[PDB]
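**Student:** One structure, pasted below without further comment.
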Number of protein chains: 2
Amino acid sequence: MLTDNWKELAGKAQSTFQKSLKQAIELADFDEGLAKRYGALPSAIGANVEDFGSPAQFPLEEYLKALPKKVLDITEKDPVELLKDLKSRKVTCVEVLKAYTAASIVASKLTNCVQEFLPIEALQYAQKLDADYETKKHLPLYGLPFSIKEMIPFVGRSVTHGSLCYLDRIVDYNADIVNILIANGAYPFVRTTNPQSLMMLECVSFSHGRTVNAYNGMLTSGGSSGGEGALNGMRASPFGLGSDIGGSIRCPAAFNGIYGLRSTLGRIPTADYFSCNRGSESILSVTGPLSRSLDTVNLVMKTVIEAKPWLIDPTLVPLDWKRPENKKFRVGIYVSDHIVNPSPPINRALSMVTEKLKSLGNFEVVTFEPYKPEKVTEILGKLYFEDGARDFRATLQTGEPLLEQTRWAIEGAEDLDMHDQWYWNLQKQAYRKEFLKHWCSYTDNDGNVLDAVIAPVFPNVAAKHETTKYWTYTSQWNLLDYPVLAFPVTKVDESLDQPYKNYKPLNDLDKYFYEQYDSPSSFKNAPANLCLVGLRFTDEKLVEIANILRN
Amino acid sequence: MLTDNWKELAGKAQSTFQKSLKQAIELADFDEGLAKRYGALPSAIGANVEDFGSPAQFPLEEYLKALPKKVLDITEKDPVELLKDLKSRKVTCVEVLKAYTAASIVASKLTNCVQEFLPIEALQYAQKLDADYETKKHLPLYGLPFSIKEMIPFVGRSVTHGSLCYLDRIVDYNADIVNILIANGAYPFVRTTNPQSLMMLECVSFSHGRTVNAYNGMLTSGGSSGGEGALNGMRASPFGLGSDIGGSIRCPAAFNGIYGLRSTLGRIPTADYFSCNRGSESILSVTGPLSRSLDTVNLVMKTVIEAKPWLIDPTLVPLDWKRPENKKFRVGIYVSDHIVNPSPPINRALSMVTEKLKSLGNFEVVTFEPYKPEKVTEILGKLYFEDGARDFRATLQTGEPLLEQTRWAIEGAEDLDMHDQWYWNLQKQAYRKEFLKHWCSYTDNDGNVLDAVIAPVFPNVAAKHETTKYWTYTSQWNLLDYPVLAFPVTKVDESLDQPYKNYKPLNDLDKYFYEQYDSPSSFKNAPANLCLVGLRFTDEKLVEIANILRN
C-alpha cells in the first residue's frame with residue numbers, strides 16, 4: 001500500500017476520473033446543444049471528495065430531458081432487443097458505444113456513479129467487433145457494453161475498492177467473468193464507484209465523493225455497488241457487475257428500481273475481485289448482474305454459466321442454467337422479521353405482489369415467519385471482520401478519515417483466535433442447517449417445497465444518507481448464501497404511503513426507522529422494490545417468478 | 001472432555017468392545033465346528049490396547065478356511081446380487097444379518113478392525129425389515145447391513161475418533177448419511193476402528209490397539225478408515241462409510257484391494273461426523289463408501305444423492321448422480337510425482353492399466369506430469385492443524401501417549417493468526433486455480449478435456465508399520481478436492497516385482513521408500529491398487545472407467 005497524505009491521493013483519484021471524463025466526452029462527440037445542457041446540469045460531483053455538490057431532485061427526469069433522441073433511442077431500448085439490432089446490423093457496435101458513453105457521462109454528473117471511464121479500450125473493443133461482424137455475429141452478447149464495479153480487476157488499472165492507499169495497486173489482467181463476457185461479444189466501458197471498506201449500504205468514499213439515487217437526489221444510491229445501482233437505474237448501462245456480501249447488489253438495485261441478482265455462491269466466478277480481508281473465507285461475497293432489464297439479467301447468467309466457468313475457476317459447480325419446468329408454485333410472503341417493521345411503501349409492495357400471485361391460479365401463497373434473525377447480526381458480527389478490522393484500519397495510515405457508515409461496520413470487531421473462528425463457523429453452519437429445517441417446515445402434505453419467499457430488501461425505500469443502520473433484510477441471505485433477486489414493484493405514492501398512525505415501535509432500532517419515515521414526500525418518486533429468495537442453486541426459479549410478476 | 005488416567009479409559013473401551021463381542025457371538029449362533037476353529041485363530045487383538053497380538057500371515061486365507069459355507073455363500077456374494085435375493089425373499093434380512101455378523105466377528109479377531117458391534121439394534125432393524133417385507137421390498141438397499149467408522153454418530157454411542165478423553169461424548173442421533181441409508185432399507189451393524197487424531201495413514205489407537213491388513217498381517221490396514229478397509233477387504237461387510245481428509249478412504253481401500261471413493265466435497269453429507277479441529281473449514285474432509293464391489297459403491301452414491309440430501313444439509317449441491325454419456329475417453333497416466341517414485345508393484349499396475357485402456361479403441365492415453373507437488377505439503381502443513389495442534393494435544397491430558405505417526409502429523413503446526421490463515425487460504429485457492437489450468441493444458445486440438453487421471457494411491461502397496469511418511473499421492477487431491485476412486489488391479493508377484501537394481505534415489509525421502517521395499521517377500525499377497533482421479537463433480541466418470549477396467 002501507500003503512505004502519502006490522503007489529500008494528495010484524493011487529487012490523484014480525481015485526476016484519473018477527470019482524465020477519463022475528458023476522453024469520454026471526445027468519444028461521445030456532443031453536439032453543441034447537448035454540450036450546453038450538460039454544462040448546465042446540477043452536479044453531484046463537488047470541488048473535492050468531501051464536497052458532495054448539489055444534486056438534482058429527480059436526476060432521471062433531468063437525464064431524459066438532457067439527452068437527445070439520438071442517444072435515448074438506443075440506451076432506453078431493452079438490451080435483449082438491442083442485441084437483435086446489433087446482430088442484424090441495423091446499428092453499429094461503435095454507434096451503441098457512443099450512445100452509452102454519452103449516457104454514462106450525463107449519468108455521472110447527475111448521480112456521481114462513475115469512477116473511471118474506459119473509452120480508449122472500449123473504442124478498440126467496439127471497432128474490432130464491427131470489423132469481425134461476420135465471425136462474431138453469433139455470440140450471445142455481441143456488441144453490448146457493460147459497466148463493472150471498481151473492485152473488479154481490469155487490465156492496467158488500479159483496484160482500490162475506494163481506499164486511497166491502493167492507488168498504486170495495478171493489475172495486468174481482467175477478472176475471470178470479464179474475460180468470459182468478452183469471449184461472448186461484450187466489453188466493459190465504464191468503472192462504477194464503490195464506498196470505503198465496501199461495508200456500507202451507501203456509496204461514499206474518498207476516491208469519488210458521494211453517489212446519490214437515480215430517482216431522488218436527496219437519497220442514497222445504496223451500496224456497496226452504489227455506482228452500479230445509480231448508473232443502471234439511469235439506464236446508462238445495459239447491465240453491470242457488482243458484489244454482494246451484505247446486500248451490496250440487492251440494496252442498490254432495490255433503491256434504484258431495477259433488477260439485481262445475488263447469485264448462489266459457486267455459480268459464477270468472483271474470487272478474483274479485490275476487497276478488504278483478502279483470504280477471509282468464513283463469509284464469502286458473491287457477484288451477479290444488475291440491470292434495468294430482467295431479460296438481460298437472465299441472459300448474462302445463461303451466457304456466463306454456459307461458458308463452463310468451472311474450467312477456469314475450480315470453486316464453481318457444473319450446474320446448468322436451466323429454466324424451471326414447474327407449472328405450480330408455492331410462495332411465502334415475509335412480512336417482517338419482527339425486529340424492524342417495513343415502512344408503508346414496502347408494506348404496500350408486499351400486498352400488491354401478494355394479491356397478484358393470489359390472482360393467478362397456480363400460486364399457493366403462505367405467510368413466512370422469521371427464524372432467529374437476531375443470530376444473523378451475532379454471527380456476522382464476528383465473521384465479517386474476523387481480524388478485528390486490522391486489515392481495513394491499515395488503509396487509514398494515509399490519514400484517510402473514517403466515514404460514519406464505516407464506523408458501524410467495524411465497531412465491535414474482534415481479532416478472533418483460531419478457536420474463536422471455529423466456534424463461530426460451527427454457529428454459522430448450525431444456523432444454516434436450522435434455517436433449512438425452518439424453510440422445509442413449510443412443505444405441504446403432498447411434499448411440495450416452498451419454491452421462493454418474497455421479502456423486503458430493506459426496511460424502507462432508498463434511505464436518507466447515513467441512516468442504513470440495519471442490514472438483516474439483506475445480510476440474512478449472505479449468512480445463508482441463498483440466491484436473492486431484487487425486483488421492482490411500485491413507487492412511493494403520497495396518498496397511499498402516509499406514515500402509520502398510532503404506531504407502537506418494537507424496540508429502539510425500530511423506533512429509529514419509524515421516525516426516519518417522516519412523510520412520503522421525503523422519499524418522493526423513490527422506487528419500492530422487493531426481492532425473491534430461493535433455496536441454494538434455485539436462482540432460475542426466482543427469475544421465472546419475477547417474469548410472471550412483471551407481465 | 002475427560003481427564004481421568006488413560007489406562008482405565010482404555011479399560012472402559014475394551015469392556016464396551018468385549019460386551020458387544022459377547023452379544024455378537026450370541027446373535028451369530030456359531031455351530032460347534034466354527035466355535036472351535038474361531039477359538040483357535042491367531043488374534044490381532046491383545047490383552048490391552050498396547051499389546052498388538054500376533055496376527056496371521058494371511059488373514060483372508062484363515063478367514064475363508066474358518067467360516068462355514070452357510071456364512072460365506074452370503075458374505076462372498078456381490079451385495080447388489082444379494083439385494084436380488086433379499087428382494088425376491090430367497091433370503092431373509094435376519095439371515096443376512098446373522099451371516100455378516102459372524103463374518104465380522106472372525107474378521108475382528110484376525111485383523112482387529114472392529115471397535116464395537118451393534119447386534120441389539122441390528123436385530124431390531126433386520127426383524128422389522130422382514131416384517132415390513134411387502135411395503136419395503138422396493139427400497140434400493142432393502143435388507144443390507146453396512147459398517148460405519150467409529151467417528152460417525154450413532155444413537156446412544158460415544159463418538160471419540162479414537163481419543164479416550166471423549167468416551168463420555170454420547171450422541172442421541174445418527175449421522176444424516178446414516179439416516180438416509182436407513183430410510184432406503186439399509187442399517188448399520190458394526191462400528192469400525194479409527195486411529196488417534198485421525199491423521200495417520202495407519203490405524204493405531206488407545207481405544208482398540210492395532211489394525212492389520214486383510215491380505216498380509218505384517219502390514220498396516222491403512223488409515224484413517226483402517227477398520228473399514230480391513231473389514232471390507234475381508235468381505236465381512238457389504239460396504240462401509242469412512243472419511244477422507246488426507247487419503248483416509250482411499251489408502252485403506254487400496255491397501256486391502258477393494259474400492260474406495262473420495263467423493264467430491266458437497267455431494268454427500270459428512271459434516272456431522274466427529275474429528276479433531278471442529279469448526280475448521282480451511283481444508284474439509286469428505287465421506288464415501290468402501291466396498292469389495294464397485295457396483296455397491298455406485299449404488300450407495302446413487303441412493304444417498306437421489307434422497308436429495310441438500311434438503312437436510314445445506315452445504316450440498318443439487319447435482320444428480322448420473323452415469324456419463326461418454327463414448328470416447330481421454331485418460332492421463334500419472335507415473336510419478338518425481339518426489340517419491342512408486343515401488344515395482346505399483347509401477348506394474350500402471351502398465352497393466354495403460355495397456356488395457358489402449359487395447360480398447362475408444363481410449364486415448366497420455367502421460368500426466370505433476371504440477372508443484374511440493375506445494376501440497378507446504379500448504380497442508382499450515383492448514384491441517386490451524387491451531388498449532390492445541391485441540392488434539394488437549395486430548396492427551398488423560399496421559400494418553402502420543403503415537404509416532406501422530407507425531408509426524410502435528411510436527412511444525414503453527415497457531416495461525418487470522419492474517420496467517422488468510423495468506424494460506426490464498427495459497428490454497430491459487431494452487432487450485434493453477435492446477436486446473438495445468439489439467440486443462442491436456443485438452444486436445446478438438447477441445448476434449450481429460451476425463452480422468454490414473455495415479456498411485458501410495459508409493460507402494462500396504463506399508464510396513466510406522467512407515468507411512470509420505471502423503472502427497474492422496475493428500476494432493478484433498479487440497480484440490482478432486483473426486484478420487486481407488487480400485488483394484490493386481491497383487492504382488494515375487495518374480496515380476498523384484499526391487500529395481502542400480503536405482504538412483506531422487507532425494508532422502510525417496511531413498512527411505514526405496515529401502516523400505518527390500519523385496520516382494522516382505523509384502524506377500526499384498527494388493528496393488530491404483531486410483532482414478534477426476535475434476536470436481538465428475539465422480540460418475542470415475543465409476544464408469546473403473547467398470548471398464550474391471551470387465
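Each chain in the C-alpha cells gets a letter, A, B and so on, in the order shown; residues start at 1 in every chain, and ligands are counted from 1 in the order they appear.
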Which of stretch 237-427 of chain A counts as helix (DSSP H, G or I) under DSSP, as a ChimeraX atom specification please?
**Tutor:** /A:250-255,294-305,309-311,344-359,374-383,390-398,404-410,418-427
**Student:** Taking only C-alpha atoms into account, report as a count of residues only which residues of chain B lie within 9 Å of chain A.
**Tutor:** 41
**Student:** Residues within 9 Å of residue B:455, please, as a PyMOL selection string. Count only C-alpha atoms; anything in the same chain fewer than 2 positions from it doesn't count.
**Tutor:** chain B and resi 332-336+350+453+457-458+473+530-533
**Student:** Using the selection just defined, write its residues with N, CA and C atoms as a PDB file, in the first residue's frame.
**Tutor:**
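selection39.pdb was written with the following content:
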```
ATOM      1  N   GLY B 332      -5.210 -39.679 -18.536  1.00  0.00           N
ATOM      2  CA  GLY B 332      -3.798 -39.485 -18.278  1.00  0.00           C
ATOM      3  C   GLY B 332      -3.244 -40.478 -17.273  1.00  0.00           C
ATOM      4  N   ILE B 333      -1.986 -40.855 -17.469  1.00  0.00           N
ATOM      5  CA  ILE B 333      -1.291 -41.745 -16.551  1.00  0.00           C
ATOM      6  C   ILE B 333      -0.244 -40.930 -15.808  1.00  0.00           C
ATOM      7  N   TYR B 334      -0.390 -40.890 -14.487  1.00  0.00           N
ATOM      8  CA  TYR B 334       0.492 -40.187 -13.560  1.00  0.00           C
ATOM      9  C   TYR B 334       1.456 -41.233 -13.014  1.00  0.00           C
ATOM     10  N   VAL B 335       2.600 -41.392 -13.684  1.00  0.00           N
ATOM     11  CA  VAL B 335       3.512 -42.467 -13.305  1.00  0.00           C
ATOM     12  C   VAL B 335       4.277 -42.125 -12.036  1.00  0.00           C
ATOM     13  N   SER B 336       4.543 -40.844 -11.779  1.00  0.00           N
ATOM     14  CA  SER B 336       5.302 -40.431 -10.603  1.00  0.00           C
ATOM     15  C   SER B 336       5.188 -38.927 -10.447  1.00  0.00           C
ATOM     16  N   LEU B 350       0.390 -49.808 -13.101  1.00  0.00           N
ATOM     17  CA  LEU B 350       0.228 -48.722 -14.063  1.00  0.00           C
ATOM     18  C   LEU B 350       0.357 -49.221 -15.501  1.00  0.00           C
ATOM     19  N   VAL B 453      -7.536 -39.061 -14.575  1.00  0.00           N
ATOM     20  CA  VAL B 453      -6.125 -39.389 -14.425  1.00  0.00           C
ATOM     21  C   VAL B 453      -6.023 -40.647 -13.578  1.00  0.00           C
ATOM     22  N   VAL B 457      -2.071 -44.542  -5.319  1.00  0.00           N
ATOM     23  CA  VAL B 457      -2.638 -44.079  -4.056  1.00  0.00           C
ATOM     24  C   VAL B 457      -1.546 -43.834  -3.024  1.00  0.00           C
ATOM     25  N   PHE B 458      -0.408 -44.497  -3.176  1.00  0.00           N
ATOM     26  CA  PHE B 458       0.676 -44.520  -2.211  1.00  0.00           C
ATOM     27  C   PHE B 458       1.920 -44.958  -2.965  1.00  0.00           C
ATOM     28  N   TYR B 473       0.462 -38.561  -2.604  1.00  0.00           N
ATOM     29  CA  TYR B 473      -0.299 -39.331  -3.588  1.00  0.00           C
ATOM     30  C   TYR B 473      -1.771 -39.459  -3.217  1.00  0.00           C
ATOM     31  N   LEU B 530      -4.581 -48.915  -7.734  1.00  0.00           N
ATOM     32  CA  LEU B 530      -4.355 -47.556  -8.203  1.00  0.00           C
ATOM     33  C   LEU B 530      -5.616 -46.757  -7.924  1.00  0.00           C
ATOM     34  N   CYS B 531      -5.696 -45.534  -8.438  1.00  0.00           N
ATOM     35  CA  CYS B 531      -6.910 -44.756  -8.291  1.00  0.00           C
ATOM     36  C   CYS B 531      -7.186 -43.978  -9.569  1.00  0.00           C
ATOM     37  N   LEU B 532      -8.457 -43.650  -9.757  1.00  0.00           N
ATOM     38  CA  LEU B 532      -8.907 -42.788 -10.837  1.00  0.00           C
ATOM     39  C   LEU B 532      -9.236 -41.419 -10.260  1.00  0.00           C
ATOM     40  N   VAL B 533      -8.652 -40.378 -10.846  1.00  0.00           N
ATOM     41  CA  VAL B 533      -8.832 -39.005 -10.394  1.00  0.00           C
ATOM     42  C   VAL B 533      -9.677 -38.267 -11.422  1.00  0.00           C
TER      43      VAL B 533
END
```
**Student:** Excluding residue B:472 and any residue of its chain fewer than 2 positions from it, enumerate the residues within 12 Å of it, using only C-alpha atoms, and give them as a ChimeraX atom specification.
**Tutor:** /B:201,245-247,251,336-341,370-381,455-459,468-470,474-480
**Student:** For atom CA of residue A:25 and atom CA of residue A:104, determine how far apart the two atoms are, in Å to one decimal place.
**Tutor:**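 We find that atom CA of residue A:25 and atom CA of residue A:104 lie 10.1 Å from each other.
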**Student:** Would you compute the distance between atom CA of residue A:517 and atom CA of residue A:233? Give it in Å to one decimal.
**Tutor:**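 Calculated distance between atom CA of residue A:517 and atom CA of residue A:233 is 22.6 Å.
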**Student:** With only C-alpha atoms as the atoms that count, which of A:507, A:521, A:248, A:196 lies nearest to residue A:495?
**Tutor:**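 For residue A:495, the nearest of the given residues is A:521.
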**Student:** Give me, as a PyMOL selection string, all polymer residues having an atom no more than 8 Å from residue A:534, counting only C-alpha atoms and skipping those fewer than 5 positions away in the same chain.
**Tutor:** chain A and resi 451-453+482-484+539+541-542
**Student:** Save the residues we just selected, N, CA, C and O atoms, as an mmCIF file, in the first residue's frame?
**Tutor:**
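File written: again.cif
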```
data_model
loop_
_atom_site.group_PDB
_atom_site.id
_atom_site.type_symbol
_atom_site.label_atom_id
_atom_site.label_comp_id
_atom_site.auth_asym_id
_atom_site.auth_seq_id
_atom_site.Cartn_x
_atom_site.Cartn_y
_atom_site.Cartn_z
ATOM 1 N N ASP A 451 -41.047 -22.825 -3.086
ATOM 2 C CA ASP A 451 -40.190 -22.512 -4.226
ATOM 3 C C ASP A 451 -39.440 -21.209 -4.020
ATOM 4 O O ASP A 451 -38.294 -21.081 -4.463
ATOM 5 N N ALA A 452 -40.064 -20.242 -3.351
ATOM 6 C CA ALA A 452 -39.457 -18.936 -3.163
ATOM 7 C C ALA A 452 -40.171 -18.206 -2.040
ATOM 8 O O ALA A 452 -41.319 -18.506 -1.704
ATOM 9 N N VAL A 453 -39.465 -17.237 -1.467
ATOM 10 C CA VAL A 453 -40.018 -16.318 -0.483
ATOM 11 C C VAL A 453 -39.868 -14.898 -1.016
ATOM 12 O O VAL A 453 -38.860 -14.558 -1.644
ATOM 13 N N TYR A 482 -28.229 -17.819 0.246
ATOM 14 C CA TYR A 482 -29.342 -18.138 -0.635
ATOM 15 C C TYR A 482 -29.366 -17.177 -1.822
ATOM 16 O O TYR A 482 -29.019 -16.003 -1.675
ATOM 17 N N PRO A 483 -29.732 -17.628 -3.019
ATOM 18 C CA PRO A 483 -29.884 -16.683 -4.130
ATOM 19 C C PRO A 483 -31.052 -15.751 -3.867
ATOM 20 O O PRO A 483 -32.097 -16.174 -3.366
ATOM 21 N N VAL A 484 -30.861 -14.468 -4.180
ATOM 22 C CA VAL A 484 -31.886 -13.453 -3.955
ATOM 23 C C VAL A 484 -31.896 -12.500 -5.137
ATOM 24 O O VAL A 484 -30.849 -11.969 -5.522
ATOM 25 N N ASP A 539 -31.672 -20.183 -8.382
ATOM 26 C CA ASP A 539 -31.690 -18.849 -8.983
ATOM 27 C C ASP A 539 -32.754 -18.724 -10.064
ATOM 28 O O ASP A 539 -33.454 -17.708 -10.151
ATOM 29 N N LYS A 541 -35.597 -20.322 -10.609
ATOM 30 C CA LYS A 541 -36.976 -20.192 -10.146
ATOM 31 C C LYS A 541 -37.307 -18.743 -9.838
ATOM 32 O O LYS A 541 -38.421 -18.276 -10.105
ATOM 33 N N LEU A 542 -36.344 -18.022 -9.264
ATOM 34 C CA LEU A 542 -36.558 -16.623 -8.927
ATOM 35 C C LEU A 542 -36.754 -15.776 -10.180
ATOM 36 O O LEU A 542 -37.622 -14.892 -10.211
#
```
**Student:** Excluding same-chain residues fewer than 3 positions from residue B:162, what lies within 9 Å of it counting only C-alpha atoms, as JSON, numbers by chain?
**Tutor:** {"B": [150, 151, 159, 165, 166, 193, 194, 195, 196, 197, 198, 204, 205, 206, 207, 208]}
**Student:** Measuring between only C-alpha atoms, which one of B:28, B:64, B:200, B:56 shows the shortest distance to residue B:467?
**Tutor:**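 Of the candidates, the smallest distance to residue B:467 is held by B:200.
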**Student:** Within stretch 130-324 of chain A, find each residue whose DSSP state, derived from the backbone, is strand (DSSP E or B), and express the selection as number ranges by chain.
**Tutor:** A: 145-149, 158, 170, 187-192, 204-205, 209-210, 212, 219-220, 240-244, 259-262, 286-291
**Student:** Can I get the selection written as a compact mmCIF listing (two decimals), in the first residue's frame, with N, CA, C and O atoms?
**Tutor:**
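So out.txt came out as:
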```txt
# COMPACT_ATOMS: atom_id res chain seq x y z
N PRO A 145 -22.00 -3.20 -24.58
CA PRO A 145 -21.11 -2.76 -23.50
C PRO A 145 -21.75 -2.99 -22.14
O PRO A 145 -22.95 -3.19 -22.02
N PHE A 146 -20.91 -2.99 -21.10
CA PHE A 146 -21.44 -3.12 -19.75
C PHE A 146 -20.51 -2.43 -18.76
O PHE A 146 -19.33 -2.20 -19.05
N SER A 147 -21.04 -2.15 -17.58
CA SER A 147 -20.30 -1.48 -16.52
C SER A 147 -19.79 -2.50 -15.49
O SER A 147 -20.38 -3.56 -15.30
N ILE A 148 -18.68 -2.16 -14.84
CA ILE A 148 -18.10 -3.01 -13.80
C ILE A 148 -17.79 -2.16 -12.58
O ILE A 148 -17.28 -1.04 -12.69
N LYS A 149 -18.12 -2.70 -11.40
CA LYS A 149 -17.72 -2.10 -10.14
C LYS A 149 -16.21 -1.93 -10.09
O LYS A 149 -15.45 -2.76 -10.60
N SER A 158 -5.61 0.47 -11.49
CA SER A 158 -5.59 0.26 -10.05
C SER A 158 -6.92 -0.34 -9.59
O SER A 158 -7.98 -0.05 -10.14
N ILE A 170 -1.77 -1.88 -9.36
CA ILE A 170 -2.12 -2.07 -10.76
C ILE A 170 -2.15 -3.56 -11.07
O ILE A 170 -1.28 -4.32 -10.64
N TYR A 187 -18.13 -6.11 -23.71
CA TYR A 187 -16.91 -5.42 -23.30
C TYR A 187 -17.26 -4.36 -22.27
O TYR A 187 -18.30 -3.72 -22.39
N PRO A 188 -16.41 -4.14 -21.26
CA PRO A 188 -16.69 -3.09 -20.28
C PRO A 188 -16.31 -1.73 -20.84
O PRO A 188 -15.35 -1.60 -21.59
N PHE A 189 -17.11 -0.71 -20.49
CA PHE A 189 -16.83 0.64 -20.95
C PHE A 189 -16.75 1.69 -19.84
O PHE A 189 -16.41 2.84 -20.13
N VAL A 190 -17.05 1.34 -18.59
CA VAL A 190 -17.05 2.31 -17.50
C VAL A 190 -16.85 1.55 -16.20
O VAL A 190 -17.31 0.41 -16.06
N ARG A 191 -16.15 2.17 -15.25
CA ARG A 191 -15.97 1.63 -13.91
C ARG A 191 -16.76 2.47 -12.91
O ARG A 191 -16.60 3.69 -12.86
N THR A 192 -17.59 1.81 -12.10
CA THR A 192 -18.52 2.49 -11.20
C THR A 192 -17.96 2.58 -9.78
O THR A 192 -17.11 1.80 -9.36
N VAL A 204 -20.21 6.15 -0.39
CA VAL A 204 -19.34 7.28 -0.08
C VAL A 204 -17.92 6.78 0.08
O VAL A 204 -17.68 5.80 0.80
N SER A 205 -16.98 7.44 -0.59
CA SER A 205 -15.56 7.15 -0.46
C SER A 205 -14.77 8.43 -0.66
O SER A 205 -15.29 9.45 -1.12
N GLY A 209 -16.33 10.91 -3.66
CA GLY A 209 -17.35 11.75 -3.06
C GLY A 209 -18.55 10.93 -2.61
O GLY A 209 -18.40 9.94 -1.89
N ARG A 210 -19.74 11.34 -3.04
CA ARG A 210 -20.98 10.69 -2.64
C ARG A 210 -21.81 10.38 -3.88
O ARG A 210 -21.97 11.25 -4.74
N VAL A 212 -25.53 9.27 -5.39
CA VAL A 212 -26.90 9.53 -4.99
C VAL A 212 -27.86 8.67 -5.83
O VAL A 212 -27.49 8.09 -6.85
N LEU A 219 -31.56 11.17 -1.67
CA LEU A 219 -31.41 9.86 -1.07
C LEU A 219 -30.17 9.17 -1.61
O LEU A 219 -29.64 9.54 -2.67
N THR A 220 -29.72 8.16 -0.88
CA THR A 220 -28.54 7.40 -1.27
C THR A 220 -28.83 6.51 -2.48
O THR A 220 -29.96 6.10 -2.75
N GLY A 240 -24.61 -4.22 -15.36
CA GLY A 240 -23.35 -4.09 -14.65
C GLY A 240 -23.11 -5.27 -13.73
O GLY A 240 -24.02 -6.03 -13.40
N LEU A 241 -21.86 -5.39 -13.29
CA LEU A 241 -21.47 -6.41 -12.32
C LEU A 241 -21.16 -5.77 -10.97
O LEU A 241 -20.35 -4.84 -10.89
N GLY A 242 -21.80 -6.27 -9.92
CA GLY A 242 -21.48 -5.87 -8.57
C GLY A 242 -20.99 -7.02 -7.71
O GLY A 242 -20.68 -8.10 -8.21
N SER A 243 -20.95 -6.78 -6.40
CA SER A 243 -20.61 -7.80 -5.43
C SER A 243 -21.60 -7.70 -4.28
O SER A 243 -22.17 -6.64 -4.04
N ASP A 244 -21.79 -8.80 -3.56
CA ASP A 244 -22.80 -8.83 -2.51
C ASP A 244 -22.31 -9.75 -1.40
O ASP A 244 -22.33 -10.98 -1.54
N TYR A 259 -33.39 -4.46 -11.47
CA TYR A 259 -33.16 -5.83 -11.05
C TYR A 259 -31.70 -6.02 -10.64
O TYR A 259 -30.79 -5.42 -11.22
N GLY A 260 -31.50 -6.86 -9.63
CA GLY A 260 -30.17 -7.21 -9.17
C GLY A 260 -30.19 -8.60 -8.57
O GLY A 260 -31.02 -8.88 -7.70
N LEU A 261 -29.31 -9.48 -9.03
CA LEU A 261 -29.28 -10.87 -8.60
C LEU A 261 -28.04 -11.13 -7.75
O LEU A 261 -26.91 -11.03 -8.24
N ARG A 262 -28.26 -11.45 -6.48
CA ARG A 262 -27.25 -12.09 -5.65
C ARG A 262 -27.30 -13.57 -6.01
O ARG A 262 -28.15 -14.31 -5.52
N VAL A 286 -20.43 -12.79 -3.13
CA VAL A 286 -20.78 -13.30 -4.45
C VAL A 286 -20.95 -12.12 -5.39
O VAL A 286 -21.13 -10.97 -4.97
N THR A 287 -20.95 -12.42 -6.68
CA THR A 287 -21.23 -11.42 -7.69
C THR A 287 -22.54 -11.77 -8.38
O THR A 287 -23.24 -12.72 -8.00
N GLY A 288 -22.89 -10.97 -9.38
CA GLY A 288 -24.16 -11.09 -10.06
C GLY A 288 -24.50 -9.80 -10.78
O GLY A 288 -23.94 -8.75 -10.48
N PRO A 289 -25.41 -9.87 -11.75
CA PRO A 289 -25.71 -8.69 -12.57
C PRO A 289 -26.78 -7.80 -11.97
O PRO A 289 -27.66 -8.23 -11.22
N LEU A 290 -26.65 -6.51 -12.30
CA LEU A 290 -27.70 -5.52 -12.12
C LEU A 290 -28.10 -5.01 -13.49
O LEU A 290 -27.25 -4.81 -14.36
N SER A 291 -29.40 -4.82 -13.68
CA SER A 291 -29.87 -4.28 -14.95
C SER A 291 -31.27 -3.74 -14.80
O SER A 291 -32.04 -4.18 -13.93
```
**Student:** Between B:526, B:234, B:120, B:276, which one has atoms that come closest to residue B:62, using only C-alpha atoms?
**Tutor:**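 Among the listed residues, the smallest separation from residue B:62 belongs to B:234.
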**Student:** Find, counting only C-alpha atoms, the residue in A:354, A:20, A:237, A:225 that gets nearest to residue A:97.
**Tutor:** A:237
**Student:** So how many Å separate atom CA of residue B:58 and atom CA of residue B:548, to one decimal?
**Tutor:**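 Atom CA of residue B:58 sits 29.5 Å away from atom CA of residue B:548.
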**Student:** Which is closest to residue B:43 among B:112, B:490, B:406, B:303, if we use only C-alpha atoms?
**Tutor:** B:112
**Student:** Residue A:99: which residues within 12 Å, counting only C-alpha atoms, same-chain residues fewer than 4 positions away excluded, as a ChimeraX atom specification?
**Tutor:** /A:24-25,27-30,67-77,91-95,103-106,144-145,189,235-238
**Student:** Please dump the current selection as a short mmCIF file (atom, residue, chain, number, x, y, z; two decimals), in the first residue's frame; keep C-alpha atoms.
**Tutor:**
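See part-v8.cif below for the written result:
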```cif
data_model
loop_
_atom_site.label_atom_id
_atom_site.label_comp_id
_atom_site.auth_asym_id
_atom_site.auth_seq_id
_atom_site.Cartn_x
_atom_site.Cartn_y
_atom_site.Cartn_z
CA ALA A 24 -15.20 10.11 -22.82
CA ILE A 25 -16.65 13.45 -23.95
CA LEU A 27 -15.66 9.73 -27.76
CA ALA A 28 -19.28 10.74 -27.17
CA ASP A 29 -18.87 13.71 -29.54
CA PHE A 30 -21.55 16.00 -28.15
CA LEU A 67 -30.20 13.56 -23.67
CA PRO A 68 -31.11 13.63 -27.37
CA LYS A 69 -33.28 11.19 -29.28
CA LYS A 70 -30.06 10.12 -30.99
CA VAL A 71 -28.91 8.67 -27.66
CA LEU A 72 -32.11 7.65 -25.82
CA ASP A 73 -33.41 5.58 -28.75
CA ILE A 74 -30.52 3.20 -28.00
CA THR A 75 -29.98 3.41 -24.24
CA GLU A 76 -33.70 3.23 -23.39
CA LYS A 77 -34.02 0.12 -25.56
CA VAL A 91 -26.94 -0.47 -35.51
CA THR A 92 -23.17 -0.47 -35.18
CA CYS A 93 -21.12 -1.61 -32.18
CA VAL A 94 -19.43 1.81 -32.23
CA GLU A 95 -22.82 3.55 -32.54
CA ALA A 103 -25.49 8.49 -21.35
CA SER A 104 -22.95 7.49 -18.69
CA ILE A 105 -21.36 10.96 -18.83
CA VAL A 106 -24.71 12.63 -18.14
CA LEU A 144 -23.10 -4.95 -25.91
CA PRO A 145 -21.11 -2.76 -23.50
CA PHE A 189 -16.83 0.64 -20.95
CA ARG A 235 -30.40 3.18 -17.79
CA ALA A 236 -26.97 4.50 -18.75
CA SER A 237 -25.53 0.97 -18.96
CA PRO A 238 -27.12 -2.19 -20.41
#
```
**Student:** Go through A:364, A:295, A:172, A:493 one by one, measure the shortest atom-to-atom distance of each to residue A:82 using only C-alpha atoms, and give the residue with the smallest value.
**Tutor:** A:295
